[PDB]
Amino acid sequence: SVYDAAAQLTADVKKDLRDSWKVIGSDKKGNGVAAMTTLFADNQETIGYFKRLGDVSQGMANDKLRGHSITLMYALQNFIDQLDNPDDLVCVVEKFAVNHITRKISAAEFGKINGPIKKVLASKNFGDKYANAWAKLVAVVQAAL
C-alpha cells in the first residue's frame, strides 16, 4: 500500500533525495527534457502514450514536449518538499496518481522512468546510492497506481 511504501523513505534515503535534487532540480528544463528523451530512446513502446506531444524526436525544439518536461519536474519538486510530512507526501502522491490511473499507466510502466532518472543522476556524478534512493520514491507512486 502507498502508506507502507512511504514508510520506506528512511532518514538517509530522504537526505540523499534532497542532496541530489539540489543539483538536478537546478535545471528543470534541461534535466526534464533529458529524462523524457532518454525514456523515449530506451523504451520506444512508451511513445504511444504521448501522441498529443507530436514529433518527440525534436526534443527541446518541440514546445509541447518542453512544456510537459518542465511541468514533470515540478511534480518531483512537490514530492521532495513533502518529505518532512508522510501524511502530506501520501495525499500528494495519490492526487498525482489520479490522471495516470485514468491513462491506464501501470506500476510496471511507470517504473520505466527509473532508467532515465539514473542516467540523469549519473551525468551529474550521482551514482547508484542516489539512483536507489530515487527508485524508492518512485516506488511510493507505483504503490498508488
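We number the residues from 1 along the sequence you see.
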| query | finding |
| --- | --- |
| 98 to 106 or 64 to 72, whichever carries the higher mean Cα B-factor | 98 to 106 |
| Per the entry, higher mean C-alpha B factor between 6 to 14 and 126 to 134 | 6 to 14 |
| Residue 55, C-alpha B-factor rank within chain (lowest, middle or highest third) | highest |
| Among modelled residues of the same chain, the CA temperature factor third for residue 27 | middle |
| For residue 144, the third of its chain into which the C-alpha B factor falls | middle |
| Chain-relative CA temperature factor third for residue 43 | highest |
